[PDB]
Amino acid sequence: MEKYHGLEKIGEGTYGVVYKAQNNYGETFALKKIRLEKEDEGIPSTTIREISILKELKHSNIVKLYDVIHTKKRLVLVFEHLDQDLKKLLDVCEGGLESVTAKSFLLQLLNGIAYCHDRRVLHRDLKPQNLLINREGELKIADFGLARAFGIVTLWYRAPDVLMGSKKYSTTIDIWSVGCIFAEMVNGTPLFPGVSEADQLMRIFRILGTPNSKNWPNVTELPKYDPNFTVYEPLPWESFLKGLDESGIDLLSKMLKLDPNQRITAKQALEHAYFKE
């Protein structure tokens, strides 16, 4: 427990409970105590190695990992502390964020993602709960790389190929989640708040169109593709987006391509005219 005190529970995060604490030097940290489904199983050395490599992620928009504390069927990660998450901010912003704010958060999110992607680190569970925000307006991403170590459930940010059973390593999956978060920041409200896997696909297809072999070649190869999906035409973007100019809609349309091979990358998104304005 590397001598920390004043453990204050922030709440229950994705892989465990998070506490604000101070060290014996009086500096502030966030401690994540990893929840172990099978207490007896123990954490293998390969897992400890996969988490510790994440200390090498040093970027102004990635939450810094300082330490990995492993003692006796107990696993604690020491991170920098941030004061809020984007979910808690969006909860008190009626209608969503001002255009200048959403653009500033999207830029920072894509920068942090570009950095990890260049190192072949995936997130795969991006959501407003893991986009942390300080009082200076700086956005930093939490939990990048942890899905590789660790694998009720929010489906709202999951790409349709993942929902249909794709399992391949791919950077495209995080870009879908960014597009869903972008729309949430401008609309106020989540874009595809599904209640199950089947309903999550339906919410997506109702807005963006049911996929087929012509608009997504090779879609029929996904394990849970269903040749009976209801057929929905795509809606015009202007009709379910608000407070976004032409460039913003354009950028958003590129992140929400159903076919992952046509989806914009993080670095491509950072070059888009939306950010020159």
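Residue numbers run from 1 along the displayed sequence.
Per the record, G151 and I152 are separated by a gap of 4 to 9 residues from the deposited sequence that were not modelled. Taking the PDB entry as given, 14-22 carries the higher mean Cα B factor of the two stretches 252-260 and 14-22. Here the stretch with the larger average CA B-factor, out of 24-32 and 48-56, is 24-32. The PDB entry assigns its highest CA temperature factor, among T210, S239, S247, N61, to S239.
Highest C-alpha temperature factor among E80, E94, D85, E184 per the entry: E94. Split the chain's modelled residues into thirds by C-alpha temperature factor. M1 is in the highest one. Among the modelled residues of its chain, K168 has a C-alpha B-factor that falls in the highest third, as given in the PDB entry. Sorting the modelled residues of the chain by their CA temperature factor places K127 in the lowest third. In the PDB entry, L75 places in the highest third of its chain by CA B-factor.
Among the modelled residues of its chain, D174 has a C-alpha B-factor that falls in the lowest third according to the deposited record.
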